[PDB]
């Protein structure tokens, strides 16, 4: 009840990226923990942003965010309603949908966006925060099976990451794992058509 001392939550901060520009996928860190903490409080991130898949952090969580159609998308269970840090200060979400576990901000200047897939293909690839590229067979509008199951630990921290088609288009945003006895056999994702609906109107 003491408003004068109520705290403010920090901004989401870009702390690195998944480099997909060459023949090898690899994670790059662009900001260490101290700078991340400062940037979360000010909301002012002067780092140059590059690429399609960002590694992002709050004070308590780290996950991914993916640019599609000029929007940097991630999961609500990671970002909540938080702003993202940018060169001129905190940027408010332009999309928030808790029912889809989805949020989005305008894509950062310097980022590149994935194109929404129109291939109608079921052979997908999940990109993790460790730059592992995991083949996934699409099994429905929002699920796909891992060709090689993996412990949940392998996938933790990769919500917000993309599923891509063979042509490198965005098919979806990783949301939740389908896990039994700690082994993830499948993944559940926000399909790009749901993003496009959220964007259209």
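Numbering follows the first chain given and starts at 1.
Practice item. Look up the CA B-factors in the entry and say which stretch, 148-156 or 171-179, has the higher mean. Key: The stretch with the larger mean CA B-factor is 148-156.
Exercise for review: On mean C-alpha B-factor from the PDB entry, just flag whether 158-166 or 45-53 is the higher one.
Suggested key: Per the PDB record, 45-53.
Check your understanding: From 88, 130, 82, 77, can you pick the one with the highest C-alpha B factor in the entry?
Key -> 88 has the highest C-alpha B-factor of those listed.
Exercise for review: Between 92, 109, 113, 97, let me know which has the highest C-alpha B-factor in the entry?
Suggested key: The record points to 109.
Review point. So where's residue 28 on the chain's Cα temperature factor ranking, which third?
Key: It belongs to the lowest third of the chain when residues are ordered by C-alpha B-factor.
**Study point:** Third of the chain's Cα B-factor distribution that residue 16 belongs to, per the entry
**Key:** For residue 16, the deposited C-alpha B-factor lands in the lowest third.
Practice item. Within this chain's modelled residues, let me know which third the CA B factor of residue 143 belongs to: lowest, middle or highest. Key: Residue 143: CA B-factor falls in the lowest third of its chain.
Practice item. Classify residue 62 as lowest, middle or highest third according to the C-alpha B-factor given in the PDB entry, relative to its own chain. Key: As the PDB entry reports it, the C-alpha B-factor of residue 62 lands in the lowest third of its chain.
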